[PDB]
$ cat data-v4.csv   # CSV, N, CA and C atoms
chain,number,residue,atom,x,y,z
Q,1,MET,N,14.9,6.2,-48.9
Q,1,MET,CA,15.7,4.9,-49.2
Q,1,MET,C,16.4,4.4,-47.9
Q,2,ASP,N,16.5,3.1,-47.7
Q,2,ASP,CA,17.2,2.5,-46.6
Q,2,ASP,C,18.0,1.3,-47.0
Q,3,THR,N,17.8,0.8,-48.3
Q,3,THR,CA,18.4,-0.4,-48.8
Q,3,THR,C,19.5,0.0,-49.8
Q,4,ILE,N,20.5,-0.9,-49.9
Q,4,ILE,CA,21.6,-0.6,-50.8
Q,4,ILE,C,21.8,-1.9,-51.7
Q,5,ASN,N,22.6,-1.7,-52.8
Q,5,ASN,CA,22.9,-2.8,-53.7
Q,5,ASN,C,24.4,-3.0,-53.8
Q,6,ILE,N,24.7,-4.3,-53.7
Q,6,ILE,CA,26.2,-4.7,-53.8
Q,6,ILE,C,26.4,-5.7,-54.9
Q,7,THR,N,27.2,-5.2,-55.9
Q,7,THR,CA,27.5,-6.1,-57.0
Q,7,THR,C,28.8,-6.9,-56.8
Q,8,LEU,N,28.6,-8.2,-56.9
Q,8,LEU,CA,29.8,-9.1,-56.7
Q,8,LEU,C,30.3,-9.6,-58.1
Q,9,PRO,N,31.5,-10.1,-58.1
Q,9,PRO,CA,32.1,-10.7,-59.4
Q,9,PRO,C,31.2,-11.8,-60.0
Q,10,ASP,N,30.3,-12.4,-59.2
Q,10,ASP,CA,29.4,-13.4,-59.8
Q,10,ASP,C,28.4,-12.8,-60.7
Q,11,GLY,N,28.2,-11.5,-60.5
Q,11,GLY,CA,27.2,-10.8,-61.4
Q,11,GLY,C,25.9,-10.5,-60.8
Q,12,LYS,N,25.5,-11.2,-59.7
Q,12,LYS,CA,24.3,-11.0,-59.0
Q,12,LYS,C,24.4,-9.9,-58.0
Q,13,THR,N,23.3,-9.5,-57.4
Q,13,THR,CA,23.3,-8.4,-56.5
Q,13,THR,C,22.6,-8.8,-55.2
Q,14,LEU,N,23.0,-8.2,-54.1
Q,14,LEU,CA,22.4,-8.4,-52.8
Q,14,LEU,C,21.8,-7.2,-52.2
Q,15,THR,N,20.8,-7.3,-51.4
Q,15,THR,CA,20.1,-6.2,-50.7
Q,15,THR,C,20.3,-6.2,-49.2
Q,16,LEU,N,20.9,-5.1,-48.7
Q,16,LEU,CA,21.1,-5.0,-47.3
Q,16,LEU,C,20.7,-3.6,-46.8
Q,17,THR,N,20.5,-3.5,-45.5
Q,17,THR,CA,20.1,-2.2,-44.9
Q,17,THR,C,21.3,-1.5,-44.3
Q,18,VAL,N,21.4,-0.2,-44.4
Q,18,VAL,CA,22.5,0.6,-43.9
Q,18,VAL,C,22.1,1.6,-42.9
Q,19,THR,N,22.9,1.9,-41.9
Q,19,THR,CA,22.6,2.9,-40.9
Q,19,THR,C,23.9,3.7,-40.6
Q,20,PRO,N,23.7,4.9,-40.0
Q,20,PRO,CA,24.8,5.8,-39.7
Q,20,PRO,C,25.5,5.4,-38.5
Q,21,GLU,N,25.0,4.3,-37.8
Q,21,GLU,CA,25.7,3.8,-36.6
Q,21,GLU,C,26.6,2.6,-37.0
Q,22,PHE,N,26.4,2.1,-38.2
Q,22,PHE,CA,27.2,0.9,-38.6
Q,22,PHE,C,28.5,1.4,-39.1
Q,23,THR,N,29.6,0.6,-38.9
Q,23,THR,CA,30.9,0.9,-39.4
Q,23,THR,C,31.1,0.1,-40.7
Q,24,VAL,N,32.2,0.4,-41.4
Q,24,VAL,CA,32.5,-0.3,-42.6
Q,24,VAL,C,32.9,-1.7,-42.4
Q,25,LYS,N,33.5,-1.9,-41.2
Q,25,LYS,CA,33.9,-3.3,-40.8
Q,25,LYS,C,32.7,-4.1,-40.4
Q,26,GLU,N,31.8,-3.5,-39.7
Q,26,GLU,CA,30.6,-4.2,-39.3
Q,26,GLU,C,29.7,-4.5,-40.5
Q,27,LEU,N,29.4,-3.5,-41.4
Q,27,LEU,CA,28.6,-3.8,-42.5
Q,27,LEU,C,29.2,-4.8,-43.5
Q,28,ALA,N,30.5,-4.9,-43.5
Q,28,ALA,CA,31.2,-5.9,-44.3
Q,28,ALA,C,31.1,-7.3,-43.8
Q,29,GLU,N,31.2,-7.4,-42.4
Q,29,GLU,CA,31.1,-8.7,-41.8
Q,29,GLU,C,29.7,-9.3,-41.9
Q,30,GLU,N,28.7,-8.5,-42.1
Q,30,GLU,CA,27.3,-8.9,-42.2
Q,30,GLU,C,27.1,-9.6,-43.6
Q,31,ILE,N,27.5,-8.9,-44.6
Q,31,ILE,CA,27.3,-9.4,-46.0
Q,31,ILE,C,28.3,-10.5,-46.3
Q,32,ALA,N,29.4,-10.5,-45.7
Q,32,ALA,CA,30.4,-11.6,-45.9
Q,32,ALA,C,30.0,-12.9,-45.3
Q,33,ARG,N,29.2,-12.8,-44.2
Q,33,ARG,CA,28.7,-14.0,-43.6
Q,33,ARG,C,27.7,-14.8,-44.5
Q,34,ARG,N,27.0,-14.2,-45.3
Q,34,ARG,CA,26.1,-14.8,-46.2
Q,34,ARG,C,26.8,-15.4,-47.5
Q,35,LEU,N,28.0,-14.9,-47.8
Q,35,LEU,CA,28.7,-15.4,-48.9
Q,35,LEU,C,29.8,-16.4,-48.5
Q,36,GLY,N,30.1,-16.4,-47.2
Q,36,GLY,CA,31.1,-17.3,-46.7
Q,36,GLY,C,32.5,-16.8,-46.9
Q,37,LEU,N,32.8,-15.5,-46.7
Q,37,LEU,CA,34.1,-15.0,-46.9
Q,37,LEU,C,34.5,-14.2,-45.7
Q,38,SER,N,35.7,-13.6,-45.7
Q,38,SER,CA,36.3,-12.8,-44.6
Q,38,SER,C,36.3,-11.3,-45.0
Q,39,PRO,N,36.1,-10.4,-44.0
Q,39,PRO,CA,36.1,-9.0,-44.3
Q,39,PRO,C,37.5,-8.4,-44.6
Q,40,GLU,N,38.6,-9.1,-44.2
Q,40,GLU,CA,39.9,-8.7,-44.5
Q,40,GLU,C,40.4,-8.9,-46.0
Q,41,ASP,N,39.5,-9.6,-46.7
Q,41,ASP,CA,39.8,-9.9,-48.1
Q,41,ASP,C,38.9,-9.1,-49.1
Q,42,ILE,N,37.7,-8.7,-48.6
Q,42,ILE,CA,36.8,-7.9,-49.4
Q,42,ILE,C,37.0,-6.4,-49.1
Q,43,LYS,N,37.1,-5.7,-50.2
Q,43,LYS,CA,37.2,-4.2,-50.2
Q,43,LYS,C,36.1,-3.5,-50.9
Q,44,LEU,N,35.6,-2.5,-50.2
Q,44,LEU,CA,34.5,-1.7,-50.8
Q,44,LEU,C,35.0,-0.6,-51.6
Q,45,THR,N,34.6,-0.4,-52.8
Q,45,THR,CA,35.0,0.7,-53.7
Q,45,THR,C,33.9,1.6,-54.2
Q,46,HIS,N,34.0,2.9,-53.9
Q,46,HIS,CA,32.9,3.8,-54.3
Q,46,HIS,C,33.6,5.1,-55.0
Q,47,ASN,N,33.2,5.4,-56.2
Q,47,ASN,CA,33.7,6.5,-57.0
Q,47,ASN,C,35.2,6.4,-57.2
Q,48,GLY,N,35.7,5.1,-57.3
Q,48,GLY,CA,37.1,4.9,-57.5
Q,48,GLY,C,37.9,4.9,-56.3
Q,49,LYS,N,37.4,5.3,-55.1
Q,49,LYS,CA,38.1,5.3,-53.9
Q,49,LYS,C,37.7,4.2,-53.0
Q,50,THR,N,38.6,3.7,-52.2
Q,50,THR,CA,38.3,2.5,-51.3
Q,50,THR,C,38.0,3.0,-49.9
Q,51,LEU,N,37.2,2.2,-49.2
Q,51,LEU,CA,36.8,2.5,-47.8
Q,51,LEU,C,37.6,1.7,-46.8
Q,52,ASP,N,38.0,2.4,-45.8
Q,52,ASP,CA,38.8,1.8,-44.7
Q,52,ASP,C,37.9,1.3,-43.6
Q,53,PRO,N,38.2,0.1,-43.0
Q,53,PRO,CA,37.4,-0.5,-41.9
Q,53,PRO,C,37.5,0.3,-40.6
Q,54,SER,N,38.5,1.1,-40.5
Q,54,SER,CA,38.7,1.9,-39.2
Q,54,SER,C,37.7,3.1,-39.2
Q,55,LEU,N,37.3,3.6,-40.4
Q,55,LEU,CA,36.4,4.7,-40.4
Q,55,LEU,C,35.0,4.3,-40.4
Q,56,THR,N,34.1,5.3,-40.6
Q,56,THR,CA,32.6,5.0,-40.5
Q,56,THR,C,32.0,5.3,-41.9
Q,57,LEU,N,30.8,4.8,-42.1
Q,57,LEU,CA,30.0,5.0,-43.3
Q,57,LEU,C,29.5,6.4,-43.5
Q,58,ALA,N,29.3,7.1,-42.4
Q,58,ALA,CA,28.8,8.5,-42.4
Q,58,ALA,C,29.9,9.5,-42.6
Q,59,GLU,N,31.2,9.0,-42.5
Q,59,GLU,CA,32.3,9.9,-42.6
Q,59,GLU,C,32.6,10.1,-44.1
Q,60,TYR,N,32.4,9.1,-44.9
Q,60,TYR,CA,32.6,9.1,-46.3
Q,60,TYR,C,31.5,9.9,-47.1
Q,61,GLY,N,30.3,10.0,-46.5
Q,61,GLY,CA,29.2,10.6,-47.1
Q,61,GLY,C,28.4,9.7,-48.0
Q,62,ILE,N,28.1,8.5,-47.6
Q,62,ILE,CA,27.4,7.5,-48.3
Q,62,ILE,C,25.9,7.5,-48.0
Q,63,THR,N,25.0,7.4,-49.0
Q,63,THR,CA,23.6,7.3,-48.8
Q,63,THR,C,23.0,6.1,-49.3
Q,64,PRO,N,21.8,5.6,-48.8
Q,64,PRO,CA,21.2,4.4,-49.2
Q,64,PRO,C,20.6,4.6,-50.6
Q,65,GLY,N,20.6,3.5,-51.4
Q,65,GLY,CA,20.1,3.5,-52.8
Q,65,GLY,C,21.1,3.8,-53.8
Q,66,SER,N,22.4,3.7,-53.4
Q,66,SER,CA,23.5,3.9,-54.3
Q,66,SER,C,24.1,2.5,-54.8
Q,67,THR,N,24.9,2.6,-55.9
Q,67,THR,CA,25.5,1.4,-56.4
Q,67,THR,C,26.9,1.2,-55.9
Q,68,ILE,N,27.1,0.0,-55.3
Q,68,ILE,CA,28.5,-0.3,-54.7
Q,68,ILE,C,29.0,-1.6,-55.4
Q,69,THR,N,30.3,-1.6,-55.7
Q,69,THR,CA,31.0,-2.7,-56.2
Q,69,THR,C,32.1,-3.2,-55.3
Q,70,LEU,N,32.2,-4.5,-55.0
Q,70,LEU,CA,33.2,-5.1,-54.2
Q,70,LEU,C,34.3,-5.8,-55.0
Q,71,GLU,N,35.4,-6.0,-54.4
Q,71,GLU,CA,36.5,-6.7,-55.0
Q,71,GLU,C,37.2,-7.6,-54.0
Q,72,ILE,N,37.8,-8.8,-54.5
Q,72,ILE,CA,38.5,-9.7,-53.7
Q,72,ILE,C,39.8,-10.1,-54.3
Q,73,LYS,N,40.8,-10.3,-53.5
Q,73,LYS,CA,42.2,-10.6,-54.0
Q,73,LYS,C,42.4,-12.1,-53.8
Q,74,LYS,N,42.8,-12.8,-54.9
Q,74,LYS,CA,43.1,-14.2,-54.9
Q,74,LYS,C,44.6,-14.4,-55.1
Q,75,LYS,N,45.1,-15.5,-54.6
Q,75,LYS,CA,46.5,-15.9,-54.7
Q,75,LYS,C,46.6,-17.3,-55.2
Q,76,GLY,N,47.5,-17.5,-56.2
Q,76,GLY,CA,47.7,-18.9,-56.7
Q,76,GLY,C,49.0,-19.5,-56.2
Q,77,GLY,N,50.2,-19.0,-56.7
Q,77,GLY,CA,51.4,-19.5,-56.2
Q,77,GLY,C,52.5,-18.4,-56.1
Q,78,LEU,N,53.7,-18.7,-56.6
Q,78,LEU,CA,54.8,-17.8,-56.5
Q,78,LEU,C,55.0,-17.1,-57.9
Q,79,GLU,N,55.0,-17.9,-59.0
Q,79,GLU,CA,55.1,-17.4,-60.3
Q,79,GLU,C,53.9,-17.8,-61.2
$ encode --input "data-v4.csv" --output "C-alpha cells"
Amino acid sequence: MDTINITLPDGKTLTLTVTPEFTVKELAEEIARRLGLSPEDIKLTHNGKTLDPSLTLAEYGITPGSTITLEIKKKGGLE
C-alpha cells in the first residue's frame, strides 16, 4: 500500500500518496492546496491523538492504507 484516505467534514474522501521523507507539515500543505485552506487551521487526528507539524510521519508510526480524519476550527464572534 502507498495511498491513504482522508475523511473531511464534507463527508467525501481524498486519495494521496505518503512517504517516510514527507513531514506532517508538508503532507498537510499538499492536501490543503486542493481544498483551498491553510495548514495552521487543519489538524490531523489518529487514534485520538493529534499530530504535530514539527515532527515526522515515520516518528508516529503511520502506514499507508489507514483511515485518517481531519478537523478545522471556525470562529464566529465574541459571544
$ closest_residue --input "data-v4.csv" --among "Q:35, Q:70, Q:62, Q:24" --to "residue 8 (chain Q)" --atoms "only C-alpha atoms"
Q:70
$ select_by_dssp --input "data-v4.csv" --residues "region 5-71 of chain Q" --states "strand (DSSP E)" --output "list in words"
residues 5, 6, 7, 13, 14, 15, 16, 17, 42, 43, 44, 45, 46, 49, 50, 67, 68, 69, 70 and 71 of chain Q
$ select_by_dssp --input "data-v4.csv" --residues "chain Q" --states "alpha helix (DSSP H)" --output "PyMOL selection string"
chain Q and resi 24-35+57-60
$ closest_residue --input "data-v4.csv" --among "Q:16, Q:23, Q:39, Q:72" --to "residue 60 (chain Q)" --atoms "only C-alpha atoms"
Q:23
$ closest_residue --input "data-v4.csv" --among "Q:57, Q:73, Q:45, Q:79" --to "residue 19 (chain Q)" --atoms "only N, CA and C atoms"
Q:57
$ atom_distance --input "data-v4.csv" --atom1 "atom C of residue 28 (chain Q)" --atom2 "CA of residue 44 (chain Q)"
9.6 Å
$ closest_residue --input "data-v4.csv" --among "Q:17, Q:71, Q:54, Q:5" --to "residue 42 (chain Q)" --atoms "all atoms listed in the file"
Q:71
$ atom_distance --input "data-v4.csv" --atom1 "CA of residue 63 (chain Q)" --atom2 "atom C of residue 2 (chain Q)"
8.4 Å
$ atom_distance --input "data-v4.csv" --atom1 "atom N of residue 3 (chain Q)" --atom2 "atom C of residue 41 (chain Q)"
23.3 Å
$ closest_residue --input "data-v4.csv" --among "Q:51, Q:4, Q:37, Q:27" --to "residue 65 (chain Q)" --atoms "only N, CA and C atoms"
Q:4
$ closest_residue --input "data-v4.csv" --among "Q:40, Q:25, Q:67, Q:77" --to "residue 52 (chain Q)" --atoms "only N, CA and C atoms"
Q:25
$ residues_around --input "data-v4.csv" --residues "residue 7 (chain Q)" --least-positions-apart "5" --cutoff "6 Å" --atoms "only N, CA and C atoms" --output "NGL selection string"
:Q and (12-14 or 68-70)
$ write_last_selection --input "data-v4.csv" --atoms "N, CA and C atoms" --output "PDB file, in the coordinates of the input"
ATOM      1  N   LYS Q  12      25.500 -11.200 -59.700  1.00  0.00           N
ATOM      2  CA  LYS Q  12      24.300 -11.000 -59.000  1.00  0.00           C
ATOM      3  C   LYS Q  12      24.400  -9.900 -58.000  1.00  0.00           C
ATOM      4  N   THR Q  13      23.300  -9.500 -57.400  1.00  0.00           N
ATOM      5  CA  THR Q  13      23.300  -8.400 -56.500  1.00  0.00           C
ATOM      6  C   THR Q  13      22.600  -8.800 -55.200  1.00  0.00           C
ATOM      7  N   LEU Q  14      23.000  -8.200 -54.100  1.00  0.00           N
ATOM      8  CA  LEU Q  14      22.400  -8.400 -52.800  1.00  0.00           C
ATOM      9  C   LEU Q  14      21.800  -7.200 -52.200  1.00  0.00           C
ATOM     10  N   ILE Q  68      27.100   0.000 -55.300  1.00  0.00           N
ATOM     11  CA  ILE Q  68      28.500  -0.300 -54.700  1.00  0.00           C
ATOM     12  C   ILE Q  68      29.000  -1.600 -55.400  1.00  0.00           C
ATOM     13  N   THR Q  69      30.300  -1.600 -55.700  1.00  0.00           N
ATOM     14  CA  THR Q  69      31.000  -2.700 -56.200  1.00  0.00           C
ATOM     15  C   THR Q  69      32.100  -3.200 -55.300  1.00  0.00           C
ATOM     16  N   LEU Q  70      32.200  -4.500 -55.000  1.00  0.00           N
ATOM     17  CA  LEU Q  70      33.200  -5.100 -54.200  1.00  0.00           C
ATOM     18  C   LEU Q  70      34.300  -5.800 -55.000  1.00  0.00           C
TER      19      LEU Q  70
END
$ build_atoms --input "data-v4.csv" --residues "region 37-63 of chain Q" --atoms "N, CA, C and O atoms" --output "PDB file, keeping the file's coordinate frame"
ATOM      1  N   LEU Q  37      32.800 -15.500 -46.700  1.00  0.00           N
ATOM      2  CA  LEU Q  37      34.100 -15.000 -46.900  1.00  0.00           C
ATOM      3  C   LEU Q  37      34.500 -14.200 -45.700  1.00  0.00           C
ATOM      4  O   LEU Q  37      33.752 -14.000 -44.694  1.00  0.00           O
ATOM      5  N   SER Q  38      35.700 -13.600 -45.700  1.00  0.00           N
ATOM      6  CA  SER Q  38      36.300 -12.800 -44.600  1.00  0.00           C
ATOM      7  C   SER Q  38      36.300 -11.300 -45.000  1.00  0.00           C
ATOM      8  O   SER Q  38      36.614 -11.012 -46.148  1.00  0.00           O
ATOM      9  N   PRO Q  39      36.100 -10.400 -44.000  1.00  0.00           N
ATOM     10  CA  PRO Q  39      36.100  -9.000 -44.300  1.00  0.00           C
ATOM     11  C   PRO Q  39      37.500  -8.400 -44.600  1.00  0.00           C
ATOM     12  O   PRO Q  39      37.602  -7.362 -45.270  1.00  0.00           O
ATOM     13  N   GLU Q  40      38.600  -9.100 -44.200  1.00  0.00           N
ATOM     14  CA  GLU Q  40      39.900  -8.700 -44.500  1.00  0.00           C
ATOM     15  C   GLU Q  40      40.400  -8.900 -46.000  1.00  0.00           C
ATOM     16  O   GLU Q  40      41.406  -8.417 -46.390  1.00  0.00           O
ATOM     17  N   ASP Q  41      39.500  -9.600 -46.700  1.00  0.00           N
ATOM     18  CA  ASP Q  41      39.800  -9.900 -48.100  1.00  0.00           C
ATOM     19  C   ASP Q  41      38.900  -9.100 -49.100  1.00  0.00           C
ATOM     20  O   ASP Q  41      39.328  -8.767 -50.183  1.00  0.00           O
ATOM     21  N   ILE Q  42      37.700  -8.700 -48.600  1.00  0.00           N
ATOM     22  CA  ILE Q  42      36.800  -7.900 -49.400  1.00  0.00           C
ATOM     23  C   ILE Q  42      37.000  -6.400 -49.100  1.00  0.00           C
ATOM     24  O   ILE Q  42      37.085  -5.983 -48.006  1.00  0.00           O
ATOM     25  N   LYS Q  43      37.100  -5.700 -50.200  1.00  0.00           N
ATOM     26  CA  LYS Q  43      37.200  -4.200 -50.200  1.00  0.00           C
ATOM     27  C   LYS Q  43      36.100  -3.500 -50.900  1.00  0.00           C
ATOM     28  O   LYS Q  43      35.742  -3.908 -51.995  1.00  0.00           O
ATOM     29  N   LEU Q  44      35.600  -2.500 -50.200  1.00  0.00           N
ATOM     30  CA  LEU Q  44      34.500  -1.700 -50.800  1.00  0.00           C
ATOM     31  C   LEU Q  44      35.000  -0.600 -51.600  1.00  0.00           C
ATOM     32  O   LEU Q  44      35.921   0.162 -51.138  1.00  0.00           O
ATOM     33  N   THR Q  45      34.600  -0.400 -52.800  1.00  0.00           N
ATOM     34  CA  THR Q  45      35.000   0.700 -53.700  1.00  0.00           C
ATOM     35  C   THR Q  45      33.900   1.600 -54.200  1.00  0.00           C
ATOM     36  O   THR Q  45      32.891   1.074 -54.746  1.00  0.00           O
ATOM     37  N   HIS Q  46      34.000   2.900 -53.900  1.00  0.00           N
ATOM     38  CA  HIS Q  46      32.900   3.800 -54.300  1.00  0.00           C
ATOM     39  C   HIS Q  46      33.600   5.100 -55.000  1.00  0.00           C
ATOM     40  O   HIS Q  46      34.424   5.713 -54.347  1.00  0.00           O
ATOM     41  N   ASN Q  47      33.200   5.400 -56.200  1.00  0.00           N
ATOM     42  CA  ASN Q  47      33.700   6.500 -57.000  1.00  0.00           C
ATOM     43  C   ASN Q  47      35.200   6.400 -57.200  1.00  0.00           C
ATOM     44  O   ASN Q  47      35.884   7.380 -57.417  1.00  0.00           O
ATOM     45  N   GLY Q  48      35.700   5.100 -57.300  1.00  0.00           N
ATOM     46  CA  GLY Q  48      37.100   4.900 -57.500  1.00  0.00           C
ATOM     47  C   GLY Q  48      37.900   4.900 -56.300  1.00  0.00           C
ATOM     48  O   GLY Q  48      39.074   4.403 -56.284  1.00  0.00           O
ATOM     49  N   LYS Q  49      37.400   5.300 -55.100  1.00  0.00           N
ATOM     50  CA  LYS Q  49      38.100   5.300 -53.900  1.00  0.00           C
ATOM     51  C   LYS Q  49      37.700   4.200 -53.000  1.00  0.00           C
ATOM     52  O   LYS Q  49      36.522   3.691 -53.076  1.00  0.00           O
ATOM     53  N   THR Q  50      38.600   3.700 -52.200  1.00  0.00           N
ATOM     54  CA  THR Q  50      38.300   2.500 -51.300  1.00  0.00           C
ATOM     55  C   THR Q  50      38.000   3.000 -49.900  1.00  0.00           C
ATOM     56  O   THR Q  50      38.340   4.096 -49.493  1.00  0.00           O
ATOM     57  N   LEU Q  51      37.200   2.200 -49.200  1.00  0.00           N
ATOM     58  CA  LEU Q  51      36.800   2.500 -47.800  1.00  0.00           C
ATOM     59  C   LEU Q  51      37.600   1.700 -46.800  1.00  0.00           C
ATOM     60  O   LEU Q  51      37.825   0.497 -46.979  1.00  0.00           O
ATOM     61  N   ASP Q  52      38.000   2.400 -45.800  1.00  0.00           N
ATOM     62  CA  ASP Q  52      38.800   1.800 -44.700  1.00  0.00           C
ATOM     63  C   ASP Q  52      37.900   1.300 -43.600  1.00  0.00           C
ATOM     64  O   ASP Q  52      36.925   1.925 -43.209  1.00  0.00           O
ATOM     65  N   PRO Q  53      38.200   0.100 -43.000  1.00  0.00           N
ATOM     66  CA  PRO Q  53      37.400  -0.500 -41.900  1.00  0.00           C
ATOM     67  C   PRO Q  53      37.500   0.300 -40.600  1.00  0.00           C
ATOM     68  O   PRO Q  53      36.587   0.157 -39.751  1.00  0.00           O
ATOM     69  N   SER Q  54      38.500   1.100 -40.500  1.00  0.00           N
ATOM     70  CA  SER Q  54      38.700   1.900 -39.200  1.00  0.00           C
ATOM     71  C   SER Q  54      37.700   3.100 -39.200  1.00  0.00           C
ATOM     72  O   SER Q  54      37.428   3.615 -38.129  1.00  0.00           O
ATOM     73  N   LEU Q  55      37.300   3.600 -40.400  1.00  0.00           N
ATOM     74  CA  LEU Q  55      36.400   4.700 -40.400  1.00  0.00           C
ATOM     75  C   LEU Q  55      35.000   4.300 -40.400  1.00  0.00           C
ATOM     76  O   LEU Q  55      34.626   3.118 -40.208  1.00  0.00           O
ATOM     77  N   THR Q  56      34.100   5.300 -40.600  1.00  0.00           N
ATOM     78  CA  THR Q  56      32.600   5.000 -40.500  1.00  0.00           C
ATOM     79  C   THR Q  56      32.000   5.300 -41.900  1.00  0.00           C
ATOM     80  O   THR Q  56      32.604   5.936 -42.770  1.00  0.00           O
ATOM     81  N   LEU Q  57      30.800   4.800 -42.100  1.00  0.00           N
ATOM     82  CA  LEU Q  57      30.000   5.000 -43.300  1.00  0.00           C
ATOM     83  C   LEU Q  57      29.500   6.400 -43.500  1.00  0.00           C
ATOM     84  O   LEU Q  57      29.416   6.928 -44.616  1.00  0.00           O
ATOM     85  N   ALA Q  58      29.300   7.100 -42.400  1.00  0.00           N
ATOM     86  CA  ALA Q  58      28.800   8.500 -42.400  1.00  0.00           C
ATOM     87  C   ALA Q  58      29.900   9.500 -42.600  1.00  0.00           C
ATOM     88  O   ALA Q  58      29.652  10.687 -42.792  1.00  0.00           O
ATOM     89  N   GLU Q  59      31.200   9.000 -42.500  1.00  0.00           N
ATOM     90  CA  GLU Q  59      32.300   9.900 -42.600  1.00  0.00           C
ATOM     91  C   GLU Q  59      32.600  10.100 -44.100  1.00  0.00           C
ATOM     92  O   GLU Q  59      33.120  11.182 -44.523  1.00  0.00           O
ATOM     93  N   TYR Q  60      32.400   9.100 -44.900  1.00  0.00           N
ATOM     94  CA  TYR Q  60      32.600   9.100 -46.300  1.00  0.00           C
ATOM     95  C   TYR Q  60      31.500   9.900 -47.100  1.00  0.00           C
ATOM     96  O   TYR Q  60      31.709  10.299 -48.235  1.00  0.00           O
ATOM     97  N   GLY Q  61      30.300  10.000 -46.500  1.00  0.00           N
ATOM     98  CA  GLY Q  61      29.200  10.600 -47.100  1.00  0.00           C
ATOM     99  C   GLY Q  61      28.400   9.700 -48.000  1.00  0.00           C
ATOM    100  O   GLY Q  61      28.088  10.085 -49.159  1.00  0.00           O
ATOM    101  N   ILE Q  62      28.100   8.500 -47.600  1.00  0.00           N
ATOM    102  CA  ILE Q  62      27.400   7.500 -48.300  1.00  0.00           C
ATOM    103  C   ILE Q  62      25.900   7.500 -48.000  1.00  0.00           C
ATOM    104  O   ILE Q  62      25.551   7.649 -46.783  1.00  0.00           O
ATOM    105  N   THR Q  63      25.000   7.400 -49.000  1.00  0.00           N
ATOM    106  CA  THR Q  63      23.600   7.300 -48.800  1.00  0.00           C
ATOM    107  C   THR Q  63      23.000   6.100 -49.300  1.00  0.00           C
ATOM    108  O   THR Q  63      23.566   5.436 -50.203  1.00  0.00           O
TER     109      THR Q  63
END
